[PDB]
Amino acid sequence: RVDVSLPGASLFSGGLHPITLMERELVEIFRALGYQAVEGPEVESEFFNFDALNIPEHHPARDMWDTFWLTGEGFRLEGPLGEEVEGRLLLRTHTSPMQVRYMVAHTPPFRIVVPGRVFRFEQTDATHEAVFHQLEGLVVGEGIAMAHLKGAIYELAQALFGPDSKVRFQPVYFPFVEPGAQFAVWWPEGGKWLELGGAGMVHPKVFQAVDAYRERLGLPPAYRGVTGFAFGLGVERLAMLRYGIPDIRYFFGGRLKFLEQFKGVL
Amino acid sequence: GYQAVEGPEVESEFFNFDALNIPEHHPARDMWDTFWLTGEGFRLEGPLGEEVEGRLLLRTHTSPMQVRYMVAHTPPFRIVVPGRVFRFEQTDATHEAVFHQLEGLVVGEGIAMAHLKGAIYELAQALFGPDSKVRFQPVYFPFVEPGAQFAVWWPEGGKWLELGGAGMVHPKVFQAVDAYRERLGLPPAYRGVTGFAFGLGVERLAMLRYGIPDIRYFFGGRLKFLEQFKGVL
Amino acid sequence: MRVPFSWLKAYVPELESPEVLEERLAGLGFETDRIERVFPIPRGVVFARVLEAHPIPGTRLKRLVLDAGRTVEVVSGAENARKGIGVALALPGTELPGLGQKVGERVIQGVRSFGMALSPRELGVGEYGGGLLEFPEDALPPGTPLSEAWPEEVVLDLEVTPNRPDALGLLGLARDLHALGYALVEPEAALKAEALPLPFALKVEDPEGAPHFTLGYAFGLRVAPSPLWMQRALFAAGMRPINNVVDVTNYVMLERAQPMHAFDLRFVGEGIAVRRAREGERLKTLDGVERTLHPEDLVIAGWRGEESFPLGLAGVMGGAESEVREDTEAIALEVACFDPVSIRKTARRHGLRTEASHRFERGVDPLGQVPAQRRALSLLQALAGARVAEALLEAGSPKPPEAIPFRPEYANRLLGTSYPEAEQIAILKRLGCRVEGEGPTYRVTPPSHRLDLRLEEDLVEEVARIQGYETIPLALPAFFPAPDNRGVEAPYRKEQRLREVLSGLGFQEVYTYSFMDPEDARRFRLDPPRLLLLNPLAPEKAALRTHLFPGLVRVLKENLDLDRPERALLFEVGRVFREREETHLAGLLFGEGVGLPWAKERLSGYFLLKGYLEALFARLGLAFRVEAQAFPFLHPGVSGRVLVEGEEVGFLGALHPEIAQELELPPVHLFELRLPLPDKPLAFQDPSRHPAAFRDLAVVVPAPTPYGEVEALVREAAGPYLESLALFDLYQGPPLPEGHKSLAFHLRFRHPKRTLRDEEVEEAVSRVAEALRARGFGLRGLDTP
Amino acid sequence: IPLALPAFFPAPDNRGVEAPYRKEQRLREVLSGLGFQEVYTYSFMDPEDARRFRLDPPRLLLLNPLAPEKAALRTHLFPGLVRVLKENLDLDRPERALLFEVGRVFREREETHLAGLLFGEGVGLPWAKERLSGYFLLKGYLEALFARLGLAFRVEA
Ligand SMILES: Nc1ncnc2c1ncn2[C@@H]1O[C@H](COP(=O)(O)OC(=O)[C@@H](N)Cc2ccccc2)[C@@H](O)[C@H]1O
Ligand SMILES: Nc1ncnc2c1ncn2[C@@H]1O[C@H](COP(=O)(O)OC(=O)[C@@H](N)Cc2ccccc2)[C@@H](O)[C@H]1O
Ligand SMILES: [Mn+2]
């Protein structure tokens, strides 16, 4: 006979990091809405991160992002069409620059979602990080309206918190969007409004920078008669509320006792 | 926007045929060679867990899920039901008595055939690229009023493959659905909506896509065959 | 259904070509499975007149004297070879379709055969080779090449769906084409009738089986071969010409989906009776088969005085005796509408599938009998010099079709098109519908031949296919799905994730038929299947599987036979049937195991399969435990039940040796669980930051006592501060009581907000010593390391 | 402002633009199923580690770092994994560990890397003694991974 209750061979059992899980669900939610996930580079030029997004230098608007500037020769930063690009290098302060990279390399209409690691120079506490993730959304084409942006967030909220969930839209400022807005979702289980991110209708000047970069590259203009909306939300906070993580610093902490607790979420 | 839901492999004649406007002793039912079953003690659950009765069989197609889903839900919605189906017929290199189908059902106000064509066009694009195209020809199915058969152009092989059938959900299907609802206490939910449905046979698409010459390989169980697909993650 | 291009062209003269025809039909809803050219006639085949047929003494052959321009002789053994008919003469030199060598002048039983007269098979126009082709003696000037009156033909193999029984007639097809815009030429039934009484009566004793039944009367018939144009037509459609009258009934049937049969009056007696058949009533059908009828069979009978007899199987096949032959002079023409269900059962009952049963099963135009009588009677007058009565015997009064709703607006709304109202209505009218009204919702009543036109939807499909499905634009729908459709895909996603993890963990997926061999309930030791098949593919698949593992085992064997896998780790997910349909997950382990391929030591068998499963459940974040339990199909020594989150869901163990033996297989390990597995909602636990207290201790216990109880006991008493607890060594030896075991346990304690005092850890091991002894167990180790 | 959802056939060149992202996520998932545990480490590197870990110095540096230990951008993924093993062994005492991490590395060009780490007694019967570990064990998992991906895998010294 054999003790069938004895532990078997200690084969290893793996797991996915909580941000991977939260990113995966966010991506699945938007995939169901027609969005496709594309990524951008963590090291960007000032042109894509700021200038092309209507965020010029020495202006109050740029203070909304504490940049991490870089130095070093020999580094080749590829642009939207593999062409080598130049400009003061930095660590992207948000995923937004992919809005520009994508649009020069493609034609409307389309729906994309860009997840990604972003960086910001600021002190890290229990609810703040200098290194975190964002999920960008961009939908462009004839007749795209803000009603559609609200429709997207409503679907996001429903998928994330259920039918007793709701979204809230309030005016807020971003150089890359003309109506500008900030949105929150009602979390029933916790009976409170959490601010998810910012969004708005793509600014006129963003489309212009996009087509100007296209012209300077031989491509024909593709965004003169289209509108669109974009949004950007910060993954960690959503993940924290969703997995009951109290300290945002745990994410990059590397502690196995922390990571292991998420194997169950397949 | 479609969501995947499954149905039971063992169905009653009511869902597989009757509710789908396919009555007994009529030419239309010959389009499906049924595998009838016998045996007491077996409990067949309906759309709302209620125990149901009726001559048991092995579903000849996924279509019955159209009915199960609609009694258990409200429009508008988009579903896709994959599933093992059974048919009594001889198996050769390109025919199976046991195979899989993928059903599609989209219901709601203003749903038109233009939308069904739109769906297949997107299917073809995603499956074979931009040089792909779809073809729609009239064909008959008791559960659909315009009825149709669609094919997709496969550039790489330079030929039209017939993928499946589709159409606008028949008036009587919506009626059987709401009648079953009433008989269950639920309010009618399909009097002012239209919709389209389609059903395509997986094996053939897989064969053309993975270059499998013999459809019998699928249920053959041979590891030397199965192993060749580890790469497709 | 065979569609002879030139025949269809007779109704649709403007047809562009067979290819364009195929395209038109496809857009109409009719797929052609094949297109072919069929009547090769060499120049050497000429038309001849048989002046005389002389028997060759001592043989079963005849010497034919033919007028083929010049007189010639040919030897023939065909029973039908006779004076007064026209034949197909293959002159010496002619090369015949299918024949190896040419046709030459040959000497046969004393006579020089100058070529030979042909059978349909030899000429290649039909399968029949039992007799010569019979043409009218004046069909063509003697010696003229046959091809001149018999051009090659292109025939389309059309698929005609159930809903379009009117399309089972070439004229019906032509009407669909007419709607597309083609000119339509309907045959004019020139008839010179006579006001005379019919020398017979009609008695429909079963109006349920024959809702509409008519009888035509043609006399003074001159039975003879059908003209060349008709024989070409019938042969092209796959039918063999017989003669004047018979061919006309087949032709009209093929023209307008209206089976009809000519009954020789000599055998009718006083009248025709459409009645049910009487038990065991015999009937020799047209095919020569002697049959016995069933009371459910509808028959066409005659009667004489008190005599009642079957003349034919109504709507399936006529009787052999009243077939219409050379000496026939008058007939009763049957043109009717039978009950589909009735015809269906009768056809099956006698294993008969005829052009007639097929059409009546699919449905015939309820008010087409009378028009069909004129057509047939008309042709009979023209080809058999028939004399026809003005009156018909008619029974039944079918009601015309009712008006249907029709909203243009809805047609466009349902299709997503924008066809102008006028085009929609012009289309329905070309198809033969009546359109009444002005307002937005018209009153459309379809022609009786359209059994498929009952609902408004039906009418929109008429508009769509005539306009052409290609004219329907492409669109994508947009809408917020109804609330109760939320996360309805969770179940499906849950299972697919499981398969994917299993494939990553290392298991290989397999797909096995849902069928089971009834006999395996025995071979594999398990309750018999609850569901069986009334019509199985084979006795080895007469039931529905109750377990998944049996199939996996049979897969291992089949694999080991074809190839020699040295091992294998498989898995399969599928539906099982037993009181309720449920989803199962089964896995199989076989082979030497896992380890260094160039070394010797290895990890395999039971504990290996248990390793993978523990990894799987660790990966799923679910509690997994295996307690020993007996299972007939498993080895009594290596057998246990599987528990996930404290809930029995399956079994794990080695295949029973006895079963292994009967199947001729080495040891096999496997498991089977019921899906879906339990869901364990997250409950994040903030890991303590303070140091953890380590401490070992072994436990002496009887060999029988399962590790599970020990682990459970130690853990339970370990205290609220127990973090870890692992088994690092099992020893059963001399240092202590014989028949005992020692369990090496690695333990760890830890506190959330502070550190653990050296006393608390002892107070904890104490409970693990007191409760440990209370169970008759002792502890050798008591400190770390 | 009302709520709506847009509808349209996406422009042809947006087709399968998500293949890359999907490809990588499938890889992570397989790795998690094969047995590897995912870890997330900062993209920052300690300039001094180019020495401690023996490797070419980082090509990109930070004008305004958070600290001197994070004044450069990582060139490799493994250094961080090792420092993770150590930090783990200090707080807790993992008897072993099979980790993996995917991330952006910077050196002449930004590129994505996949790194894995193996440590501990290995795999075998927890109540027995014999075991499979170290090099050939890590090579086992990798061979399984590539077998699962349907890719040829070879390791030359
Ligand atoms: N220090 C931090 N730690 C964790 N999350 C942060 C931190 N700073 C911000 N976030 C998250 O980042 C999200 C948005 O970042 P902001 O810097 O506030 O906005 C942006 O980054 C904009 N690019 C978003 C945007 C995109 C498209 C159109 C309009 C607006 C917030 O909702 C928040 O949850
Ligand atoms: N013996 C077989 N082996 C492999 N595939 C088969 C076999 N018989 C059919 N199929 C596949 O099954 C597909 C459709 O099956 P059919 O029996 O022809 O139709 C149906 O089963 C309908 N229920 C489909 C449908 C759904 C919704 C609306 C309209 C029509 C075909 O396109 C074909 O690829
Ligand atoms: Mn129709």
# chains A, B, ... in the order shown; residues from 1 in each chain; ligands from 1
$ closest_atom_pairs --of "chain B" --to "ligand 2" --cutoff "7 Å" --atoms "only C-alpha atoms and all ligand atoms" --output "tab-separated table"
residue	atom	partner	partner_atom_place_in_ligand_line	distance
B:31	CA	ligand 2	17 (O)	6.3
B:32	CA	ligand 2	17 (O)	6.2
B:60	CA	ligand 2	21 (O)	6.8
B:61	CA	ligand 2	21 (O)	4.8
B:62	CA	ligand 2	23 (N)	6.4
B:63	CA	ligand 2	23 (N)	5.1
B:89	CA	ligand 2	1 (N)	6.9
B:94	CA	ligand 2	3 (N)	6.5
B:95	CA	ligand 2	3 (N)	3.8
B:96	CA	ligand 2	3 (N)	4.1
B:97	CA	ligand 2	1 (N)	5.7
B:99	CA	ligand 2	4 (C)	5.9
B:101	CA	ligand 2	12 (O)	6.3
B:103	CA	ligand 2	26 (C)	6.1
B:141	CA	ligand 2	29 (C)	5.9
B:143	CA	ligand 2	28 (C)	6.7
B:144	CA	ligand 2	28 (C)	6.4
B:147	CA	ligand 2	29 (C)	6.9
B:162	CA	ligand 2	32 (O)	5.8
B:163	CA	ligand 2	32 (O)	4.4
B:164	CA	ligand 2	32 (O)	3.2
B:165	CA	ligand 2	30 (C)	3.8
B:166	CA	ligand 2	29 (C)	3.5
B:167	CA	ligand 2	28 (C)	5.4
B:197	CA	ligand 2	28 (C)	4.7
B:198	CA	ligand 2	27 (C)	3.6
B:199	CA	ligand 2	26 (C)	3.7
B:200	CA	ligand 2	13 (C)	4.6
B:201	CA	ligand 2	11 (C)	3.9
B:202	CA	ligand 2	34 (O)	6.9
B:203	CA	ligand 2	4 (C)	6.0
B:204	CA	ligand 2	34 (O)	5.7
$ write_last_selection --atoms "C-alpha atoms" --output "mmCIF file, in the first residue's frame"
data_model
loop_
_atom_site.group_PDB
_atom_site.id
_atom_site.type_symbol
_atom_site.label_atom_id
_atom_site.label_comp_id
_atom_site.auth_asym_id
_atom_site.auth_seq_id
_atom_site.Cartn_x
_atom_site.Cartn_y
_atom_site.Cartn_z
ATOM 1 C CA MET B 31 -30.932 18.317 -42.815
ATOM 2 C CA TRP B 32 -29.826 16.846 -39.458
ATOM 3 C CA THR B 60 -27.303 18.236 -34.119
ATOM 4 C CA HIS B 61 -26.137 21.854 -33.913
ATOM 5 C CA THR B 62 -25.495 24.654 -31.429
ATOM 6 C CA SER B 63 -28.636 26.514 -32.558
ATOM 7 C CA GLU B 89 -23.334 9.762 -40.704
ATOM 8 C CA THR B 94 -13.579 15.188 -44.700
ATOM 9 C CA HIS B 95 -16.684 14.223 -42.664
ATOM 10 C CA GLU B 96 -17.393 13.584 -38.982
ATOM 11 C CA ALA B 97 -20.318 12.324 -36.915
ATOM 12 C CA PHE B 99 -17.597 17.805 -34.604
ATOM 13 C CA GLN B 101 -19.808 24.456 -34.375
ATOM 14 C CA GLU B 103 -23.007 29.846 -33.182
ATOM 15 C CA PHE B 141 -33.102 27.189 -42.502
ATOM 16 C CA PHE B 143 -35.077 29.333 -37.867
ATOM 17 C CA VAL B 144 -34.345 32.408 -40.133
ATOM 18 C CA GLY B 147 -31.856 32.732 -44.962
ATOM 19 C CA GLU B 162 -18.240 27.645 -47.398
ATOM 20 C CA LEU B 163 -18.090 28.588 -43.696
ATOM 21 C CA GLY B 164 -21.666 28.227 -42.517
ATOM 22 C CA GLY B 165 -25.259 29.374 -42.586
ATOM 23 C CA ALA B 166 -26.947 32.480 -41.109
ATOM 24 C CA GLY B 167 -29.938 34.761 -41.417
ATOM 25 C CA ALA B 197 -27.804 34.324 -36.158
ATOM 26 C CA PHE B 198 -25.128 32.232 -37.808
ATOM 27 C CA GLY B 199 -23.436 28.883 -37.302
ATOM 28 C CA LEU B 200 -20.122 27.737 -38.680
ATOM 29 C CA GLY B 201 -18.330 24.399 -38.481
ATOM 30 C CA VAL B 202 -14.954 24.651 -36.681
ATOM 31 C CA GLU B 203 -13.061 21.449 -37.989
ATOM 32 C CA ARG B 204 -13.115 22.526 -41.630
#
$ residues_near_ligand --ligand "ligand 3" --cutoff "12 Å" --atoms "only C-alpha atoms and all ligand atoms" --output "PDB file with N, CA, C and O atoms, in the first residue's frame"
ATOM      1  N   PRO B 138     -28.531  33.030 -50.983  1.00  0.00           N
ATOM      2  CA  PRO B 138     -29.752  32.523 -50.336  1.00  0.00           C
ATOM      3  C   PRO B 138     -29.702  31.061 -49.995  1.00  0.00           C
ATOM      4  O   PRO B 138     -29.309  30.249 -50.852  1.00  0.00           O
ATOM      5  N   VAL B 139     -30.073  30.695 -48.787  1.00  0.00           N
ATOM      6  CA  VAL B 139     -30.177  29.280 -48.503  1.00  0.00           C
ATOM      7  C   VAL B 139     -31.237  29.060 -47.414  1.00  0.00           C
ATOM      8  O   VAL B 139     -31.589  30.007 -46.721  1.00  0.00           O
ATOM      9  N   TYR B 140     -31.727  27.826 -47.247  1.00  0.00           N
ATOM     10  CA  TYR B 140     -32.816  27.624 -46.272  1.00  0.00           C
ATOM     11  C   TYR B 140     -32.537  27.001 -44.887  1.00  0.00           C
ATOM     12  O   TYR B 140     -31.808  26.016 -44.751  1.00  0.00           O
ATOM     13  N   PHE B 141     -33.149  27.614 -43.875  1.00  0.00           N
ATOM     14  CA  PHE B 141     -33.102  27.189 -42.502  1.00  0.00           C
ATOM     15  C   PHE B 141     -34.411  27.596 -41.857  1.00  0.00           C
ATOM     16  O   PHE B 141     -34.789  28.766 -41.937  1.00  0.00           O
ATOM     17  N   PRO B 142     -35.130  26.670 -41.265  1.00  0.00           N
ATOM     18  CA  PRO B 142     -36.409  27.043 -40.621  1.00  0.00           C
ATOM     19  C   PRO B 142     -36.360  28.119 -39.546  1.00  0.00           C
ATOM     20  O   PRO B 142     -37.394  28.741 -39.244  1.00  0.00           O
ATOM     21  N   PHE B 143     -35.178  28.359 -38.934  1.00  0.00           N
ATOM     22  CA  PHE B 143     -35.077  29.333 -37.867  1.00  0.00           C
ATOM     23  C   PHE B 143     -34.649  30.749 -38.354  1.00  0.00           C
ATOM     24  O   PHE B 143     -34.193  31.544 -37.547  1.00  0.00           O
ATOM     25  N   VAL B 144     -34.785  31.084 -39.656  1.00  0.00           N
ATOM     26  CA  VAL B 144     -34.345  32.408 -40.133  1.00  0.00           C
ATOM     27  C   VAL B 144     -35.100  32.926 -41.348  1.00  0.00           C
ATOM     28  O   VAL B 144     -35.196  32.220 -42.347  1.00  0.00           O
ATOM     29  N   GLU B 145     -35.604  34.149 -41.271  1.00  0.00           N
ATOM     30  CA  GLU B 145     -36.230  34.473 -42.500  1.00  0.00           C
ATOM     31  C   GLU B 145     -35.263  35.006 -43.505  1.00  0.00           C
ATOM     32  O   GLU B 145     -34.947  34.133 -44.326  1.00  0.00           O
ATOM     33  N   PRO B 146     -34.688  36.178 -43.754  1.00  0.00           N
ATOM     34  CA  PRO B 146     -33.840  35.908 -44.907  1.00  0.00           C
ATOM     35  C   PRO B 146     -32.991  34.758 -44.505  1.00  0.00           C
ATOM     36  O   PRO B 146     -32.498  34.730 -43.371  1.00  0.00           O
ATOM     37  N   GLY B 147     -32.788  33.788 -45.348  1.00  0.00           N
ATOM     38  CA  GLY B 147     -31.856  32.732 -44.962  1.00  0.00           C
ATOM     39  C   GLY B 147     -30.603  32.876 -45.815  1.00  0.00           C
ATOM     40  O   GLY B 147     -30.704  33.387 -46.935  1.00  0.00           O
ATOM     41  N   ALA B 148     -29.435  32.446 -45.364  1.00  0.00           N
ATOM     42  CA  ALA B 148     -28.252  32.582 -46.189  1.00  0.00           C
ATOM     43  C   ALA B 148     -27.131  31.615 -45.867  1.00  0.00           C
ATOM     44  O   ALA B 148     -27.056  31.031 -44.789  1.00  0.00           O
ATOM     45  N   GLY B 167     -28.713  34.094 -40.986  1.00  0.00           N
ATOM     46  CA  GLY B 167     -29.938  34.761 -41.417  1.00  0.00           C
ATOM     47  C   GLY B 167     -30.540  35.615 -40.310  1.00  0.00           C
ATOM     48  O   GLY B 167     -29.971  35.767 -39.229  1.00  0.00           O
ATOM     49  N   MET B 168     -31.696  36.191 -40.590  1.00  0.00           N
ATOM     50  CA  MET B 168     -32.390  36.986 -39.596  1.00  0.00           C
ATOM     51  C   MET B 168     -33.306  36.040 -38.801  1.00  0.00           C
ATOM     52  O   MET B 168     -34.152  35.362 -39.366  1.00  0.00           O
ATOM     53  N   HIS B 170     -35.892  33.897 -37.329  1.00  0.00           N
ATOM     54  CA  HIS B 170     -37.282  33.769 -37.661  1.00  0.00           C
ATOM     55  C   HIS B 170     -38.365  34.251 -36.708  1.00  0.00           C
ATOM     56  O   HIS B 170     -38.109  34.130 -35.499  1.00  0.00           O
TER      57      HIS B 170
ATOM     58  N   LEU C  28     -30.248  33.239 -56.679  1.00  0.00           N
ATOM     59  CA  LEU C  28     -31.680  33.005 -56.420  1.00  0.00           C
ATOM     60  C   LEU C  28     -31.885  32.075 -55.248  1.00  0.00           C
ATOM     61  O   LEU C  28     -32.967  32.012 -54.672  1.00  0.00           O
ATOM     62  N   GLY C  29     -30.831  31.356 -54.890  1.00  0.00           N
ATOM     63  CA  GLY C  29     -30.866  30.438 -53.783  1.00  0.00           C
ATOM     64  C   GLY C  29     -30.715  28.976 -54.191  1.00  0.00           C
ATOM     65  O   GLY C  29     -31.162  28.088 -53.460  1.00  0.00           O
ATOM     66  N   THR C 161     -33.610  23.231 -52.359  1.00  0.00           N
ATOM     67  CA  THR C 161     -33.963  23.102 -50.958  1.00  0.00           C
ATOM     68  C   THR C 161     -35.457  22.869 -50.714  1.00  0.00           C
ATOM     69  O   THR C 161     -36.303  23.301 -51.503  1.00  0.00           O
ATOM     70  N   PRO C 162     -35.739  22.245 -49.531  1.00  0.00           N
ATOM     71  CA  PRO C 162     -37.139  21.950 -49.083  1.00  0.00           C
ATOM     72  C   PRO C 162     -38.199  23.033 -49.231  1.00  0.00           C
ATOM     73  O   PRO C 162     -39.350  22.765 -49.536  1.00  0.00           O
ATOM     74  N   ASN C 163     -37.760  24.269 -48.998  1.00  0.00           N
ATOM     75  CA  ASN C 163     -38.646  25.384 -49.049  1.00  0.00           C
ATOM     76  C   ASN C 163     -39.038  25.768 -50.465  1.00  0.00           C
ATOM     77  O   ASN C 163     -39.952  26.568 -50.663  1.00  0.00           O
ATOM     78  N   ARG C 164     -38.362  25.218 -51.466  1.00  0.00           N
ATOM     79  CA  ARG C 164     -38.696  25.582 -52.813  1.00  0.00           C
ATOM     80  C   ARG C 164     -39.038  24.304 -53.575  1.00  0.00           C
ATOM     81  O   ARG C 164     -38.261  23.854 -54.405  1.00  0.00           O
ATOM     82  N   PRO C 165     -40.243  23.739 -53.282  1.00  0.00           N
ATOM     83  CA  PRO C 165     -40.785  22.626 -54.065  1.00  0.00           C
ATOM     84  C   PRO C 165     -41.267  23.054 -55.446  1.00  0.00           C
ATOM     85  O   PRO C 165     -41.329  22.235 -56.364  1.00  0.00           O
ATOM     86  N   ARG C 450     -46.413  28.878 -54.567  1.00  0.00           N
ATOM     87  CA  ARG C 450     -45.471  29.287 -53.539  1.00  0.00           C
ATOM     88  C   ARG C 450     -45.831  28.841 -52.154  1.00  0.00           C
ATOM     89  O   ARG C 450     -46.417  29.651 -51.437  1.00  0.00           O
ATOM     90  N   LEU C 451     -45.526  27.609 -51.756  1.00  0.00           N
ATOM     91  CA  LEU C 451     -45.904  27.142 -50.414  1.00  0.00           C
ATOM     92  C   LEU C 451     -45.062  27.797 -49.317  1.00  0.00           C
ATOM     93  O   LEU C 451     -45.445  27.807 -48.142  1.00  0.00           O
ATOM     94  N   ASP C 452     -43.910  28.329 -49.729  1.00  0.00           N
ATOM     95  CA  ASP C 452     -43.002  28.963 -48.786  1.00  0.00           C
ATOM     96  C   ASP C 452     -43.294  30.423 -48.480  1.00  0.00           C
ATOM     97  O   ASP C 452     -42.622  31.010 -47.645  1.00  0.00           O
ATOM     98  N   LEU C 453     -44.277  31.022 -49.146  1.00  0.00           N
ATOM     99  CA  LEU C 453     -44.606  32.421 -48.890  1.00  0.00           C
ATOM    100  C   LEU C 453     -45.845  32.590 -47.983  1.00  0.00           C
ATOM    101  O   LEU C 453     -46.988  32.609 -48.456  1.00  0.00           O
ATOM    102  N   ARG C 454     -45.615  32.717 -46.676  1.00  0.00           N
ATOM    103  CA  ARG C 454     -46.720  32.871 -45.721  1.00  0.00           C
ATOM    104  C   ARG C 454     -46.594  34.111 -44.818  1.00  0.00           C
ATOM    105  O   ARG C 454     -47.599  34.741 -44.476  1.00  0.00           O
ATOM    106  N   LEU C 455     -45.361  34.448 -44.436  1.00  0.00           N
ATOM    107  CA  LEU C 455     -45.090  35.592 -43.570  1.00  0.00           C
ATOM    108  C   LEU C 455     -44.484  36.771 -44.306  1.00  0.00           C
ATOM    109  O   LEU C 455     -43.901  36.624 -45.378  1.00  0.00           O
ATOM    110  N   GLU C 456     -44.621  37.948 -43.710  1.00  0.00           N
ATOM    111  CA  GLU C 456     -44.075  39.167 -44.282  1.00  0.00           C
ATOM    112  C   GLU C 456     -42.564  39.003 -44.476  1.00  0.00           C
ATOM    113  O   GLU C 456     -42.004  39.455 -45.480  1.00  0.00           O
ATOM    114  N   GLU C 457     -41.919  38.378 -43.498  1.00  0.00           N
ATOM    115  CA  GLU C 457     -40.486  38.137 -43.591  1.00  0.00           C
ATOM    116  C   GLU C 457     -40.204  37.426 -44.891  1.00  0.00           C
ATOM    117  O   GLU C 457     -39.286  37.810 -45.621  1.00  0.00           O
ATOM    118  N   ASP C 458     -41.002  36.386 -45.212  1.00  0.00           N
ATOM    119  CA  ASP C 458     -40.839  35.622 -46.445  1.00  0.00           C
ATOM    120  C   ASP C 458     -40.821  36.547 -47.646  1.00  0.00           C
ATOM    121  O   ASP C 458     -40.023  36.382 -48.564  1.00  0.00           O
ATOM    122  N   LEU C 459     -41.713  37.530 -47.614  1.00  0.00           N
ATOM    123  CA  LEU C 459     -41.761  38.490 -48.696  1.00  0.00           C
ATOM    124  C   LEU C 459     -40.512  39.378 -48.728  1.00  0.00           C
ATOM    125  O   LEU C 459     -40.090  39.770 -49.824  1.00  0.00           O
ATOM    126  N   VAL C 460     -39.914  39.712 -47.567  1.00  0.00           N
ATOM    127  CA  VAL C 460     -38.710  40.530 -47.641  1.00  0.00           C
ATOM    128  C   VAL C 460     -37.556  39.745 -48.255  1.00  0.00           C
ATOM    129  O   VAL C 460     -36.735  40.276 -49.004  1.00  0.00           O
ATOM    130  N   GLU C 461     -37.517  38.437 -47.976  1.00  0.00           N
ATOM    131  CA  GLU C 461     -36.471  37.632 -48.587  1.00  0.00           C
ATOM    132  C   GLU C 461     -36.686  37.575 -50.103  1.00  0.00           C
ATOM    133  O   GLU C 461     -35.724  37.448 -50.857  1.00  0.00           O
ATOM    134  N   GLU C 462     -37.937  37.667 -50.554  1.00  0.00           N
ATOM    135  CA  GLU C 462     -38.197  37.674 -51.985  1.00  0.00           C
ATOM    136  C   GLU C 462     -37.581  38.892 -52.607  1.00  0.00           C
ATOM    137  O   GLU C 462     -36.986  38.836 -53.682  1.00  0.00           O
ATOM    138  N   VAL C 463     -37.743  40.020 -51.922  1.00  0.00           N
ATOM    139  CA  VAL C 463     -37.193  41.283 -52.387  1.00  0.00           C
ATOM    140  C   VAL C 463     -35.664  41.217 -52.333  1.00  0.00           C
ATOM    141  O   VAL C 463     -35.007  41.591 -53.308  1.00  0.00           O
ATOM    142  N   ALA C 464     -35.093  40.777 -51.224  1.00  0.00           N
ATOM    143  CA  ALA C 464     -33.641  40.692 -51.069  1.00  0.00           C
ATOM    144  C   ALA C 464     -32.958  39.850 -52.114  1.00  0.00           C
ATOM    145  O   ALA C 464     -32.016  40.300 -52.747  1.00  0.00           O
ATOM    146  N   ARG C 465     -33.423  38.594 -52.335  1.00  0.00           N
ATOM    147  CA  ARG C 465     -32.754  37.742 -53.315  1.00  0.00           C
ATOM    148  C   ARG C 465     -32.932  38.211 -54.759  1.00  0.00           C
ATOM    149  O   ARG C 465     -32.050  38.003 -55.584  1.00  0.00           O
ATOM    150  N   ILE C 466     -34.057  38.846 -55.077  1.00  0.00           N
ATOM    151  CA  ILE C 466     -34.276  39.331 -56.409  1.00  0.00           C
ATOM    152  C   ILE C 466     -33.394  40.579 -56.671  1.00  0.00           C
ATOM    153  O   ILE C 466     -32.822  40.753 -57.751  1.00  0.00           O
TER     154      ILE C 466
END
$ interface_residues --of "chain D" --to "chain B" --cutoff "6 Å" --atoms "only C-alpha atoms" --output "PDB file with C-alpha atoms, in the first residue's frame"
ATOM      1  CA  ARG D 148       5.484  24.367 -25.310  1.00  0.00           C
ATOM      2  CA  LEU D 149       6.178  27.336 -27.604  1.00  0.00           C
ATOM      3  CA  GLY D 150       7.119  25.015 -30.455  1.00  0.00           C
TER       4      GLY D 150
END
